[PDB]
């Protein structure tokens, strides 16, 4: 409701911007500040217009030049900024599943937080780019109840609109309560059904009703009654249903708090949310953690990487 930090620029001149970028890179060394000064002050759509103008008017490829001139985390953020929105998510999902390891955290983050419509575009573009089914790769790289949550999210079939069937709210809450009170293991299918099928308004009512009948928040019961990546997936859905900006604020906190930094998560969240809800993220971060997002980034990063992340954040002195 406050929205993004990065906006479309006024006075946008793609041919000038292309020349600025060329001048920043031509010759020994690089003017990284000049690169930030353009790209962090244009939206993703405008950055694509710059790519086109750079090819047409400089006779070179902008992404290729950026990759040649930049390195490390700064390169990763800049090239991420230059990637069309859908394709960036596609590429992050592919990276999460490629080869031996599986980045379950990334799969959860994207699939829980994106809308069905966004996930349709992701699914189709993944197929077109790689000639692999996103669903098939999920089913190859994850298993059991966690897999079922990711498959459901990947299919985009959740109920929509805000219809309030209060009897079904009451039955859902009661079902979730009884699913936790079973003697020999939680009925995890009830959690899957309710949290993957029902509309948002419905779920917000279920959360409040569950608290009324159990005296526990649904997150408390998820934590005590489930485990592993399935637990994490359920919690992400709950958090996203309550407030997506708060979900992202927590991801940013966790990426930076204590020793070192989860740069892959910090980068993906800052790049993906800068134009959507970064101002809301900042507000929720401050409420949750009693410190500014800006100050966290400034204390955890350095160099040109810090500079660009602080423009994406906005703020603060």
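Residue numbers count along the first chain shown, from 1.
- Between 19-27 and 295-303, it is 295-303 that carries the larger average Cα temperature factor according to the deposited entry.
- The mean Cα B-factor in the deposited entry runs higher for 174-182 than for the other of 225-233 and 174-182.
- Residues shown: 109, 89, 137, 165. Highest C-alpha temperature factor in the entry: 165.
- You'll see in the entry that, of 118, 141, 159, 188, the Cα B factor peaks at 188.
- Split the chain's modelled residues into thirds by C-alpha temperature factor. Residue 283 is in the highest one.
- Annotation for residue 83: CA B-factor lies in the lowest third of the chain's modelled residues.
- Residue-level temperature factors show residue 210 in the highest third of its chain, judged at the C-alpha atom.
- Annotation for residue 6: C-alpha temperature factor in the highest third relative to the rest of the modelled chain, per the entry.
- The PDB entry assigns residue 62 a C-alpha temperature factor belonging to the middle third of its chain's modelled residues.
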